[PDB]
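Structure data follow from protein_30.tsv (TSV, C-alpha atoms and all ligand atoms):
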```
chain	number	residue	atom	x	y	z
A	32	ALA	CA	-27.67	59.95	10.58
A	33	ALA	CA	-31.16	61.22	9.54
A	34	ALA	CA	-31.59	61.30	5.72
A	35	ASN	CA	-35.35	61.58	6.00
A	36	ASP	CA	-36.48	64.63	4.05
A	37	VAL	CA	-40.20	63.81	4.15
A	38	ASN	CA	-41.28	66.46	6.64
A	39	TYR	CA	-44.84	67.67	5.81
A	40	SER	CA	-48.18	66.31	4.75
A	41	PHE	CA	-49.40	67.47	1.36
A	42	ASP	CA	-52.10	69.59	2.93
A	43	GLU	CA	-49.58	71.27	5.26
A	44	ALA	CA	-47.31	72.06	2.30
A	45	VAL	CA	-50.17	73.43	0.28
A	46	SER	CA	-51.12	75.81	3.07
A	47	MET	CA	-47.51	77.03	3.21
A	48	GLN	CA	-47.37	77.59	-0.56
A	49	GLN	CA	-50.60	79.61	-0.21
A	50	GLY	CA	-49.19	81.71	2.59
A	51	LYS	CA	-49.32	85.46	3.01
A	52	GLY	CA	-47.51	87.45	0.39
A	53	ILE	CA	-46.12	84.47	-1.49
A	54	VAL	CA	-46.02	85.05	-5.26
A	55	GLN	CA	-47.17	82.17	-7.36
A	56	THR	CA	-47.92	82.97	-11.01
A	57	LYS	CA	-49.59	81.47	-14.08
A	58	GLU	CA	-49.64	82.43	-17.79
A	59	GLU	CA	-53.03	83.66	-18.97
A	60	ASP	CA	-54.13	85.99	-21.83
A	61	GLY	CA	-50.53	86.39	-22.95
A	62	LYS	CA	-48.92	87.35	-19.65
A	63	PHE	CA	-48.29	86.30	-16.09
A	64	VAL	CA	-50.92	86.82	-13.40
A	65	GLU	CA	-51.21	85.63	-9.79
A	66	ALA	CA	-52.32	82.02	-9.51
A	67	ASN	CA	-55.23	81.32	-7.18
A	68	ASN	CA	-55.11	78.84	-4.31
A	69	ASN	CA	-56.77	76.05	-6.27
A	70	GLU	CA	-54.32	76.47	-9.15
A	71	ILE	CA	-51.34	76.33	-6.75
A	72	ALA	CA	-52.66	73.18	-5.13
A	73	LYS	CA	-53.29	71.49	-8.47
A	74	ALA	CA	-49.85	72.45	-9.80
A	75	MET	CA	-48.04	70.87	-6.88
A	76	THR	CA	-49.97	67.60	-7.03
A	77	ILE	CA	-47.84	64.63	-8.03
A	78	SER	CA	-48.88	63.00	-11.31
A	81	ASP	CA	-43.81	64.20	-19.45
A	82	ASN	CA	-42.53	60.63	-18.61
A	83	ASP	CA	-41.87	61.85	-15.08
A	84	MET	CA	-39.03	64.12	-16.24
A	85	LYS	CA	-40.10	66.57	-13.41
A	86	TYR	CA	-39.28	63.81	-10.94
A	87	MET	CA	-36.02	62.62	-12.45
A	88	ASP	CA	-32.64	63.18	-10.81
A	89	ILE	CA	-30.80	65.82	-12.90
A	90	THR	CA	-27.62	65.68	-10.82
A	91	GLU	CA	-26.03	63.03	-13.06
A	92	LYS	CA	-24.45	63.41	-16.48
A	93	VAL	CA	-25.77	62.20	-19.81
A	94	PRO	CA	-23.86	60.89	-22.78
A	95	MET	CA	-24.23	63.77	-25.19
A	96	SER	CA	-21.40	64.80	-27.50
A	97	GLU	CA	-20.69	68.42	-28.36
A	98	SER	CA	-22.14	67.67	-31.82
A	99	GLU	CA	-25.38	66.44	-30.24
A	100	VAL	CA	-25.64	69.40	-27.88
A	101	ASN	CA	-25.02	71.83	-30.77
A	102	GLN	CA	-27.79	70.07	-32.68
A	103	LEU	CA	-30.16	71.05	-29.83
A	104	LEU	CA	-28.87	74.62	-29.91
A	105	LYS	CA	-29.09	75.10	-33.67
A	106	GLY	CA	-31.33	78.08	-34.32
A	107	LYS	CA	-31.31	79.12	-30.65
A	108	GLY	CA	-30.05	82.64	-30.87
A	109	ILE	CA	-27.26	83.59	-28.45
A	110	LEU	CA	-27.03	79.94	-27.38
A	111	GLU	CA	-26.36	78.56	-30.85
A	112	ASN	CA	-22.98	76.90	-31.19
A	113	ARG	CA	-22.26	77.07	-27.46
A	114	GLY	CA	-22.55	73.29	-26.95
A	115	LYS	CA	-18.91	72.87	-26.00
A	116	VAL	CA	-19.45	75.23	-23.05
A	117	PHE	CA	-22.65	73.53	-21.89
A	118	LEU	CA	-20.61	70.29	-21.78
A	119	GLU	CA	-17.77	72.01	-19.87
A	120	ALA	CA	-20.46	72.89	-17.34
A	121	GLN	CA	-21.85	69.35	-17.26
A	122	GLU	CA	-18.47	67.81	-16.55
A	123	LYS	CA	-17.13	70.45	-14.16
A	124	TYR	CA	-20.22	70.57	-11.96
A	125	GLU	CA	-22.01	67.24	-12.56
A	126	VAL	CA	-25.13	68.83	-14.03
A	127	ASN	CA	-27.28	67.01	-16.61
A	128	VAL	CA	-26.60	68.84	-19.86
A	129	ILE	CA	-30.04	68.15	-21.36
A	130	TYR	CA	-31.57	69.76	-18.29
A	131	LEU	CA	-29.14	72.66	-18.47
A	132	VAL	CA	-29.87	73.33	-22.18
A	133	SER	CA	-33.66	72.94	-21.60
A	134	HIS	CA	-33.66	75.36	-18.64
A	135	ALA	CA	-31.66	77.95	-20.64
A	136	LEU	CA	-33.98	77.63	-23.66
A	137	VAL	CA	-37.09	78.18	-21.60
A	138	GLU	CA	-35.60	81.13	-19.70
A	139	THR	CA	-34.11	82.90	-22.71
A	140	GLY	CA	-36.95	82.27	-25.15
A	141	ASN	CA	-35.02	79.88	-27.35
A	142	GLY	CA	-31.95	82.07	-27.00
A	143	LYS	CA	-33.71	84.92	-28.79
A	144	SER	CA	-35.12	87.23	-26.10
A	145	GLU	CA	-33.84	90.76	-25.75
A	146	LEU	CA	-32.84	90.10	-22.14
A	147	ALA	CA	-30.70	87.16	-23.19
A	148	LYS	CA	-28.46	89.73	-24.89
A	149	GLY	CA	-27.48	91.06	-21.52
A	150	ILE	CA	-27.39	94.27	-19.48
A	151	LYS	CA	-24.82	96.98	-19.95
A	152	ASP	CA	-22.84	98.52	-17.10
A	153	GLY	CA	-19.85	100.70	-17.86
A	154	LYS	CA	-17.74	98.97	-20.47
A	155	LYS	CA	-19.08	95.51	-19.65
A	156	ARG	CA	-22.26	93.55	-20.38
A	157	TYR	CA	-23.68	91.02	-17.96
A	158	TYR	CA	-25.48	87.85	-19.06
A	159	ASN	CA	-27.85	85.47	-17.24
A	160	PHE	CA	-29.44	82.49	-18.87
A	161	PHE	CA	-31.11	80.83	-15.87
A	162	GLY	CA	-33.12	83.48	-14.08
A	163	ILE	CA	-30.66	83.66	-11.22
A	164	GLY	CA	-31.22	86.53	-8.84
A	165	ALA	CA	-32.23	89.99	-9.83
A	166	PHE	CA	-31.52	90.76	-13.46
A	167	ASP	CA	-32.58	94.13	-14.78
A	168	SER	CA	-30.95	97.55	-15.32
A	169	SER	CA	-31.75	98.85	-11.82
A	170	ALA	CA	-30.27	95.78	-10.13
A	171	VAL	CA	-27.22	95.73	-12.38
A	172	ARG	CA	-26.60	99.52	-11.97
A	173	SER	CA	-26.87	99.27	-8.14
A	174	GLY	CA	-24.68	96.13	-7.90
A	175	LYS	CA	-27.55	94.17	-6.29
A	176	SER	CA	-27.33	91.67	-9.19
A	177	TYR	CA	-25.92	88.20	-8.85
A	178	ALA	CA	-24.81	88.17	-12.49
A	179	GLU	CA	-22.67	91.23	-11.80
A	180	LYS	CA	-21.39	89.93	-8.46
A	181	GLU	CA	-20.15	86.77	-10.16
A	182	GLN	CA	-18.85	88.69	-13.20
A	183	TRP	CA	-20.87	86.87	-15.83
A	184	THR	CA	-19.43	89.16	-18.48
A	185	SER	CA	-19.93	86.81	-21.45
A	186	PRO	CA	-22.42	84.16	-22.65
A	187	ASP	CA	-19.90	81.42	-21.88
A	188	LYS	CA	-19.34	82.72	-18.36
A	189	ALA	CA	-23.13	82.80	-17.81
A	190	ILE	CA	-23.44	79.16	-18.90
A	191	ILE	CA	-20.62	77.90	-16.63
A	192	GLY	CA	-21.72	80.15	-13.82
A	193	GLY	CA	-25.36	79.13	-14.04
A	194	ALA	CA	-24.38	75.47	-13.75
A	195	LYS	CA	-22.13	76.23	-10.81
A	196	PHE	CA	-24.97	78.02	-9.06
A	197	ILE	CA	-27.49	75.25	-9.68
A	198	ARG	CA	-25.07	72.60	-8.40
A	199	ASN	CA	-23.92	74.52	-5.30
A	200	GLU	CA	-27.20	76.14	-4.29
A	201	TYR	CA	-29.82	73.54	-5.31
A	202	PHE	CA	-28.20	70.13	-5.92
A	203	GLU	CA	-26.07	70.44	-2.76
A	204	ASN	CA	-29.30	71.44	-0.89
A	205	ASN	CA	-31.03	68.11	-1.69
A	206	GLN	CA	-33.14	69.68	-4.45
A	207	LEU	CA	-32.23	67.09	-7.07
A	208	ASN	CA	-35.10	67.28	-9.57
A	209	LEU	CA	-37.29	69.94	-11.06
A	210	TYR	CA	-40.17	69.23	-8.65
A	211	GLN	CA	-37.92	69.76	-5.62
A	212	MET	CA	-36.35	72.86	-7.15
A	213	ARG	CA	-39.80	74.36	-7.67
A	214	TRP	CA	-41.76	73.15	-4.61
A	215	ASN	CA	-39.03	72.26	-2.05
A	216	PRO	CA	-41.23	69.76	-0.23
A	217	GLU	CA	-38.59	69.28	2.51
A	218	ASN	CA	-39.09	72.99	3.40
A	219	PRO	CA	-42.17	74.22	1.52
A	220	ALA	CA	-42.26	77.79	0.17
A	221	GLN	CA	-38.59	78.44	0.89
A	222	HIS	CA	-35.70	78.33	-1.55
A	223	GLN	CA	-37.85	77.76	-4.66
A	224	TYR	CA	-36.52	78.48	-8.12
A	225	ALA	CA	-39.48	80.31	-9.65
A	226	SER	CA	-42.96	81.71	-9.19
A	227	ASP	CA	-44.40	80.27	-12.41
A	228	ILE	CA	-46.52	77.29	-11.30
A	229	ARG	CA	-45.65	75.52	-14.60
A	230	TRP	CA	-41.88	76.28	-14.48
A	231	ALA	CA	-41.05	72.57	-14.05
A	232	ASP	CA	-43.47	71.46	-16.72
A	233	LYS	CA	-41.95	73.77	-19.37
A	234	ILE	CA	-38.42	72.56	-18.77
A	235	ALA	CA	-39.49	68.86	-18.45
A	236	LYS	CA	-41.35	68.98	-21.81
A	237	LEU	CA	-38.19	70.06	-23.62
A	238	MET	CA	-36.11	67.53	-21.73
A	239	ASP	CA	-38.46	64.71	-22.71
A	240	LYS	CA	-38.28	65.69	-26.38
A	241	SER	CA	-34.47	65.70	-26.22
A	242	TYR	CA	-34.38	62.37	-24.41
A	243	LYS	CA	-36.54	60.78	-27.09
A	244	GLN	CA	-34.58	62.48	-29.90
A	245	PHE	CA	-31.24	60.93	-28.75
A	246	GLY	CA	-32.45	57.78	-27.00
A	247	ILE	CA	-31.16	58.75	-23.54
A	248	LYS	CA	-31.81	56.55	-20.51
A	249	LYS	CA	-33.65	58.22	-17.59
A	250	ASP	CA	-31.98	58.47	-14.17
A	251	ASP	CA	-33.80	57.77	-10.90
A	252	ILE	CA	-37.46	58.89	-10.59
A	253	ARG	CA	-38.76	59.83	-7.13
A	254	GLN	CA	-42.46	60.19	-6.47
A	255	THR	CA	-42.73	60.27	-2.62
A	256	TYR	CA	-42.32	63.74	-1.02
A	257	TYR	CA	-45.03	64.08	1.63
A	258	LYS	CA	-46.14	62.29	4.76
B	301	CL	CL	-18.74	65.59	-31.06
B	302	CL	CL	-19.62	74.75	-29.50
B	303	CL	CL	-29.42	89.16	-7.03
B	304	CL	CL	-34.21	74.78	1.99
B	305	CL	CL	-44.61	70.83	-10.94
B	306	CL	CL	-42.88	57.68	-26.27
B	307	CL	CL	-28.16	56.87	-22.02
B	308	CL	CL	-45.95	62.08	-1.80
B	309	CL	CL	-50.88	55.30	3.13
```
Transcribe the structure of this file into structure tokens.
Ligand SMILES: [Cl-]
Ligand SMILES: [Cl-]
Ligand SMILES: [Cl-]
Ligand SMILES: [Cl-]
Ligand SMILES: [Cl-]
Ligand SMILES: [Cl-]
Ligand SMILES: [Cl-]
Ligand SMILES: [Cl-]
Ligand SMILES: [Cl-]
Amino acid sequence: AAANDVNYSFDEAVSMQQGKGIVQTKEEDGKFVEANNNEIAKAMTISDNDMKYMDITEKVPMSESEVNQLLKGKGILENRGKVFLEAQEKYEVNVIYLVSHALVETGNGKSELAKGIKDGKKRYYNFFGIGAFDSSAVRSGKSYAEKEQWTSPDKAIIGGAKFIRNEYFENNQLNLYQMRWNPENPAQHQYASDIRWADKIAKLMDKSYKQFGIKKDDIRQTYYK
């Protein structure tokens, strides 16, 4: 019956995002530091061709050749376009979004962490920042990548898409803004602490859209009372 997800005023949501102990970060002087209250408030204000506000739960017409063009020179992700498109079709996840999120998270496919974490005779991979992903967490089995047996790059790509679909898109977090700021339930179930997480992914998405001439899906700009 009720499909009304506009639950809070902006000022109420801001106060929640500023709440006790809540980690919100910003890049400064080469590293991440805690964002202040004004920076958090500015970051969540509603204002890259609105790619942050675009539904990413639909598919785009990108061939494996086109996806591999985006992944050329992208380290461990190079020449994995066919698997990104398996993920798009299996889970109904926009493949330009999926590629853009992986490229931001993995440093263009070239970070040391993107090469995975060893445990016993296996290596675990994680291209989307899902759950805890370091040697401690992997050794102790308190790592989502290990729980889901993401034991190859291809498994991490399919599995990341499955996670995003089942945990975010099926939770009515349908665009980057909602993933980051969850305005229906502020400060809960948010993808990242970086206050410009959405902006980084959206900037790459907009470049890829304009590179291939892709039509934008629905843009939503009303989230608050
Ligand atoms: Cl093709
Ligand atoms: Cl491929
Ligand atoms: Cl975890
Ligand atoms: Cl939620
Ligand atoms: Cl944002
Ligand atoms: Cl333009
Ligand atoms: Cl199109
Ligand atoms: Cl609004
Ligand atoms: Cl009004």
For this session: For stretch 54-69 of chain A, work out the shell of residues within 9 Å, counting only C-alpha atoms and skipping chain neighbours fewer than 6 positions away, then give it as a ChimeraX atom specification.
Result: /A:45-46,48,225-229
| Which of these residues is nearest to ligand CL 306 (chain B), using all atoms listed in the file: A:88, A:175, A:240, A:258? |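 Counting all atoms listed in the file, the residue closest to ligand CL 306 (chain B) is A:240.
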Per residue of chain A within 9 Å of ligand CL 305 (chain B), record the nearest atom pair and its distance in Å to one decimal, counting all atoms listed in the file, with rows in chain order and ascending residue number, as a tab-separated table.
```
residue	atom	partner	partner_atom	distance
A:74	CA	B:CL305	CL	5.6
A:75	CA	B:CL305	CL	5.3
A:76	CA	B:CL305	CL	7.4
A:77	CA	B:CL305	CL	7.6
A:78	CA	B:CL305	CL	8.9
A:85	CA	B:CL305	CL	6.7
A:86	CA	B:CL305	CL	8.8
A:209	CA	B:CL305	CL	7.4
A:210	CA	B:CL305	CL	5.2
A:211	CA	B:CL305	CL	8.6
A:213	CA	B:CL305	CL	6.8
A:214	CA	B:CL305	CL	7.3
A:228	CA	B:CL305	CL	6.7
A:229	CA	B:CL305	CL	6.0
A:230	CA	B:CL305	CL	7.0
A:231	CA	B:CL305	CL	5.0
A:232	CA	B:CL305	CL	5.9
```
Spatial neighbours of residue A:196, 10 Å, all atoms listed in the file, chain gap at least 6 places, as number ranges by chain: A: 124, 161, 163, 202-203
- [ ] Name all residues at most 12 Å from residue A:139 (count all atoms listed in the file; drop same-chain ones fewer than 6 positions away) and give them as a list in words.
- [x]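 Skipping anything fewer than 6 positions along the chain leaves residues 107, 108, 109, 110, 132, 133, 145, 146, 147, 148, 149, 158, 159, 160, 161, 162, 186, 190 and 234 of chain A.
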* Which protein, DNA or RNA residues have an atom within 12 Å of ligand CL 309 (chain B), counting only C-alpha atoms and all ligand atoms, as a PyMOL selection string? -> chain A and resi 40+255+257-258
What are the nearest atom pairs, with distances in Å to one decimal, for all residues of chain A that come at most 10 Å from ligand CL 302 (chain B), using only C-alpha atoms and all ligand atoms, set out by chain and rising residue number as a Markdown table?
```
| residue | atom | partner | partner_atom | distance |
| --- | --- | --- | --- | --- |
| A:97 | CA | B:CL302 | CL | 6.5 |
| A:98 | CA | B:CL302 | CL | 7.9 |
| A:100 | CA | B:CL302 | CL | 8.2 |
| A:101 | CA | B:CL302 | CL | 6.3 |
| A:102 | CA | B:CL302 | CL | 9.9 |
| A:104 | CA | B:CL302 | CL | 9.3 |
| A:110 | CA | B:CL302 | CL | 9.3 |
| A:111 | CA | B:CL302 | CL | 7.9 |
| A:112 | CA | B:CL302 | CL | 4.3 |
| A:113 | CA | B:CL302 | CL | 4.1 |
| A:114 | CA | B:CL302 | CL | 4.1 |
| A:115 | CA | B:CL302 | CL | 4.0 |
| A:116 | CA | B:CL302 | CL | 6.5 |
| A:117 | CA | B:CL302 | CL | 8.3 |
| A:118 | CA | B:CL302 | CL | 9.0 |
```
Within 8 Å of ligand CL 303 (chain B), counting all atoms listed in the file, which protein or nucleic acid residues do you find, written as a count of residues only?
9
For chain A against ligand CL 306 (chain B), with a cut-off of 10 Å and counting only C-alpha atoms and all ligand atoms, what is the closest atom pair and its distance in Å to one decimal for every residue that makes the cut, ordered by chain and number, as a Markdown table?
```
| residue | atom | partner | partner_atom | distance |
| --- | --- | --- | --- | --- |
| A:81 | CA | B:CL306 | CL | 9.5 |
| A:82 | CA | B:CL306 | CL | 8.2 |
| A:239 | CA | B:CL306 | CL | 9.0 |
| A:240 | CA | B:CL306 | CL | 9.2 |
| A:242 | CA | B:CL306 | CL | 9.9 |
| A:243 | CA | B:CL306 | CL | 7.1 |
```
- Query: Interatomic distance between atom CA of residue A:236 and atom CA of residue A:87?
  - Reply: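 Taking atom CA of residue A:236 as the start and atom CA of residue A:87 as the end point, the length is 12.5 Å.
The residues sitting within 12 Å of ligand CL 307 (chain B), with all atoms listed in the file considered, come out as residues 91, 92, 93, 94, 95, 96, 127, 129, 241, 242, 243, 244, 245, 246, 247, 248, 249 and 250 of chain A.
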Any chance you could tabulate, as JSON lines, the residues of chain A at most 12 Å from ligand CL 304 (chain B) with each one's nearest atom pair and distance in Å to one decimal, using only C-alpha atoms and all ligand atoms, in chain and rising number order?
```
{"residue": "A:36", "atom": "CA", "partner": "B:CL304", "partner_atom": "CL", "distance": 10.6}
{"residue": "A:38", "atom": "CA", "partner": "B:CL304", "partner_atom": "CL", "distance": 11.9}
{"residue": "A:200", "atom": "CA", "partner": "B:CL304", "partner_atom": "CL", "distance": 9.5}
{"residue": "A:201", "atom": "CA", "partner": "B:CL304", "partner_atom": "CL", "distance": 8.6}
{"residue": "A:202", "atom": "CA", "partner": "B:CL304", "partner_atom": "CL", "distance": 11.0}
{"residue": "A:203", "atom": "CA", "partner": "B:CL304", "partner_atom": "CL", "distance": 10.4}
{"residue": "A:204", "atom": "CA", "partner": "B:CL304", "partner_atom": "CL", "distance": 6.6}
{"residue": "A:205", "atom": "CA", "partner": "B:CL304", "partner_atom": "CL", "distance": 8.3}
{"residue": "A:206", "atom": "CA", "partner": "B:CL304", "partner_atom": "CL", "distance": 8.3}
{"residue": "A:211", "atom": "CA", "partner": "B:CL304", "partner_atom": "CL", "distance": 9.8}
{"residue": "A:212", "atom": "CA", "partner": "B:CL304", "partner_atom": "CL", "distance": 9.6}
{"residue": "A:213", "atom": "CA", "partner": "B:CL304", "partner_atom": "CL", "distance": 11.2}
{"residue": "A:214", "atom": "CA", "partner": "B:CL304", "partner_atom": "CL", "distance": 10.2}
{"residue": "A:215", "atom": "CA", "partner": "B:CL304", "partner_atom": "CL", "distance": 6.8}
{"residue": "A:216", "atom": "CA", "partner": "B:CL304", "partner_atom": "CL", "distance": 8.9}
{"residue": "A:217", "atom": "CA", "partner": "B:CL304", "partner_atom": "CL", "distance": 7.1}
{"residue": "A:218", "atom": "CA", "partner": "B:CL304", "partner_atom": "CL", "distance": 5.4}
{"residue": "A:219", "atom": "CA", "partner": "B:CL304", "partner_atom": "CL", "distance": 8.0}
{"residue": "A:220", "atom": "CA", "partner": "B:CL304", "partner_atom": "CL", "distance": 8.8}
{"residue": "A:221", "atom": "CA", "partner": "B:CL304", "partner_atom": "CL", "distance": 5.8}
{"residue": "A:222", "atom": "CA", "partner": "B:CL304", "partner_atom": "CL", "distance": 5.2}
{"residue": "A:223", "atom": "CA", "partner": "B:CL304", "partner_atom": "CL", "distance": 8.1}
{"residue": "A:224", "atom": "CA", "partner": "B:CL304", "partner_atom": "CL", "distance": 11.0}
```
With the input short on atoms, add N, CA and C atoms back to stretch 212-225 of chain A and write it as a tab-separated table (two decimals), keeping the file's coordinate frame.
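Final output, saved to part-v9.tsv:
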```
chain	number	residue	atom	x	y	z
A	212	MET	N	-36.81	71.49	-6.90
A	212	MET	CA	-36.35	72.86	-7.15
A	212	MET	C	-37.50	73.87	-7.07
A	213	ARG	N	-38.65	73.47	-7.60
A	213	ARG	CA	-39.80	74.36	-7.67
A	213	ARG	C	-40.63	74.41	-6.39
A	214	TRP	N	-40.80	73.27	-5.72
A	214	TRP	CA	-41.76	73.15	-4.61
A	214	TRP	C	-41.12	72.82	-3.28
A	215	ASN	N	-39.81	72.59	-3.26
A	215	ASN	CA	-39.03	72.26	-2.05
A	215	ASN	C	-39.85	71.57	-0.97
A	216	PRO	N	-40.33	70.37	-1.20
A	216	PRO	CA	-41.23	69.76	-0.23
A	216	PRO	C	-40.60	69.51	1.12
A	217	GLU	N	-39.29	69.43	1.20
A	217	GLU	CA	-38.59	69.28	2.51
A	217	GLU	C	-38.78	70.52	3.36
A	218	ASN	N	-38.87	71.71	2.74
A	218	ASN	CA	-39.09	72.99	3.40
A	218	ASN	C	-39.97	73.89	2.51
A	219	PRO	N	-41.28	73.59	2.51
A	219	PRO	CA	-42.17	74.22	1.52
A	219	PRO	C	-42.14	75.75	1.57
A	220	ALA	N	-42.16	76.37	0.40
A	220	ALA	CA	-42.26	77.79	0.17
A	220	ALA	C	-40.96	78.52	0.35
A	221	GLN	N	-39.90	77.86	0.76
A	221	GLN	CA	-38.59	78.44	0.89
A	221	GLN	C	-37.70	77.93	-0.22
A	222	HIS	N	-36.75	78.76	-0.66
A	222	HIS	CA	-35.70	78.33	-1.55
A	222	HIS	C	-36.25	77.61	-2.79
A	223	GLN	N	-37.20	78.25	-3.43
A	223	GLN	CA	-37.85	77.76	-4.66
A	223	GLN	C	-37.40	78.56	-5.84
A	224	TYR	N	-37.26	77.86	-6.98
A	224	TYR	CA	-36.52	78.48	-8.12
A	224	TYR	C	-37.32	79.57	-8.77
A	225	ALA	N	-38.65	79.44	-8.84
A	225	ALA	CA	-39.48	80.31	-9.65
A	225	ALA	C	-40.86	80.44	-9.09
```
